[PDB]
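So this first bit is one chain, no partners, the form deposited without the ligand, shown in C-alpha cells.
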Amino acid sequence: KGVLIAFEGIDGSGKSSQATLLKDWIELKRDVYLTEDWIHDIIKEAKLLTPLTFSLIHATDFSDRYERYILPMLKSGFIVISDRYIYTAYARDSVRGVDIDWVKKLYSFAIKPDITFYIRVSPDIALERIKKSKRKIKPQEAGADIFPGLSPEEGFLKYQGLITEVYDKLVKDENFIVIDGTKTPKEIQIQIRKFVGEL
C-alpha cells in the first residue's frame, strides 16, 4: 500500500519541480507525502572536515528524516515522494573519494524505492537553462569545495559532469526509469504521471 517514489538528477534537471508537481496531482487520488536544520550550524562552524565526516553528517540527517517521516508514512500507506534519496548521497560522497560500496552499506537501513525517476539532462543544457532564467549559480552546485578557482559556470559543467557519471553507472543495478529532461516540463510530468499511473 505504501509506495516510495524518488527523483534523482543533477541540479538544474527540474527534478524538484517534477516531484512537487507529482505530489499535487497524486493528492487528488490518495494519501501522499513529500520530503520537505542544524546542518546549517555545522557547515557554518567548519572554518576543514574530511569528505568521510561530510558523508556521515548527511547520513545522520537522512536517517532522522527516514525514520521520523519517510518510513512511518509508508507504514500508513502514504505514497512518499522524495526528490533526493540515497543515490544522491552515493554520488555526492563518491565523487569526493568515499568508497561507494561503503556509502551503500551506510545507507543499507533504507528501502529501495518502488520507482526511481532519473531526469537525465546534460550539464551543458542544464546551465544554458539556469542562464536563460538569470539565476545565480550556487557554489554547492558548482562543486566549489572540489574546484575552487574554476568559474561557477565551469564548476557546474565539471561537478555535475562527475555526478552524471555516477547516476549513469547506477541506472542498471538500481533500475532507474530514465527520463529525457530535454523535453519540456509538461511533457516530462505527463510521462511521469503516466508511469506512476501504472504501478
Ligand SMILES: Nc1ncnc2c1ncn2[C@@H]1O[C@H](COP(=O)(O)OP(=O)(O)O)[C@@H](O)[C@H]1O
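Basically, rigid core = biggest C-alpha set you can superpose within 1.5 Å across the two forms. Residue positions are given as counts along the sequence shown, with the first one as 1.
Absent from the display: the form deposited with the ligand bound. The rest refers to it.
Residue contact with the ligand in the bound PDB entry: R129 places a heavy atom within 4.5 Å of it. In the bound PDB entry, the ligand lies farther than 4.5 Å from every heavy atom of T50. The ligand is not drawn, but in the bound PDB entry it has a heavy atom within 4.5 Å of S133.
Mapping the unseen interface onto this chain, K183 counts among the residues with a heavy atom inside 4.5 Å of the ligand in the bound PDB entry. Contacts to the ligand in the bound PDB entry (heavy atom within 4.5 Å) from stretch 16-43: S16, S17. For the set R65, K169, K131, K158, a Cα shift of at least 2 angstroms between this form and the one not shown, after rigid core superposition, holds for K131 and for no other residue.
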